[PDB]
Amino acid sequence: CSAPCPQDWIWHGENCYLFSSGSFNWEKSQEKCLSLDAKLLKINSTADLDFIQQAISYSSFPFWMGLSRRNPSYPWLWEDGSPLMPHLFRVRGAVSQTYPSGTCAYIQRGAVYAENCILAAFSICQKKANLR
């Protein structure tokens, strides 16, 4: 009857994941996921990080995730307005830099970094799987 995830997505755990086939800025990447009733990558657990790390281990490219902020004294937040759970990962790089478009997190070679949201990167959309 109901398939857990659409074709071309990857079903893992409670979620479905879609890896982009090209690089786009964080805003365009966000809009792609919204149009598919999804959101940008939200890592909720170490299991989620390990899965993503394995999936992107084929790649040296950067992948946008749904974590951002505009002010470096204020918390990183996922698009849904929740914070980065402690003990998942450290955002490396120039975490204190502000940019006109804000600061956004990306994963590259398994490590998470801060960067100018205006840069074009691959991205990963995530939605809940249709489980029972």
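Start at 1 and count along the sequence shown; that's the residue number. Superpose the two forms; the largest set of C-alphas matching within 1.5 Å is the rigid core.
- Root-mean-square C-alpha deviation from the shown form, taken over all structures in 7 other deposited structures of this protein superposed by the rigid core, is larger for 65-73 than for the alternative among 65-73 and 39-47.
- Once the C-alpha B-factors are averaged per stretch, 82-90 and 48-56 rank with 82-90 first.
- If you average the C-alpha B-factors over 34-42 and over 57-65, the higher value belongs to 34-42.
- Split the chain's modelled residues into thirds by C-alpha temperature factor. Residue 106 is in the lowest one.
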